[PDB]
């Protein structure tokens, strides 16, 4: 169960890395090159991480439960790249882009603290990390989306789709966590491993696909 989905994550993220790799090598202009290059490293960072977890690295029993703490070094490096996708397609302001990366790092560090601390101390840091996530939710739903649509007037549904898909996918991460043994213990590690694996595929490979087709939409409108 756990080992199966770890290897599935390796192969899918590897397969993803090859796809974005060749797109970067055969890139149209520089904007396509940047977009293929970002998504490539998002998947390669994920592919090596799942390689480490599949080989039993980065997992240690904490509070009496096998915990893959190394997932947080994946996300700390890959999730800012995923947000750069949004700000790159959107041509976002420097202070608003910095706020998204800063808020993301805050959410992940405090999430790590919640992950490695026992109950009920972890519940405090869970609320701190969710509050940081709800801040990103506002930043993407209001100032980021509004600024991006004004800069891309005849392609507004694209940025509405971008924000929504990112929001619905990322919202499941704190739901899996609080339902995992980290919270109410509704399911065990095997189900937790499959959830994160398929989420990661959706939010990296899947969202990588959505960003490429978004650049196409913004460019076919010119």
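Positions refer to the first chain, counted from 1.
Taking the mean C-alpha B-factor of each stretch as recorded, 168 to 176 and 24 to 32 are not equal, and the higher mean is that of 24 to 32.
Set 49 to 57 against 62 to 70 and average the Cα temperature factors; 62 to 70 ends up higher. For residue 6, the recorded CA B-factor ranks within the middle third of the chain. Only modelled residues enter the ranking. Per the deposited record, the Cα B-factor of residue 211 falls in the lowest third when ranked against the other modelled residues of its chain. Annotation for residue 196: CA B-factor lies in the middle third of the chain's modelled residues. In the deposited entry, the Cα temperature factor of residue 159 sits in the middle third of values across the chain's modelled residues.
Annotation for residue 148: CA B-factor lies in the middle third of the chain's modelled residues.
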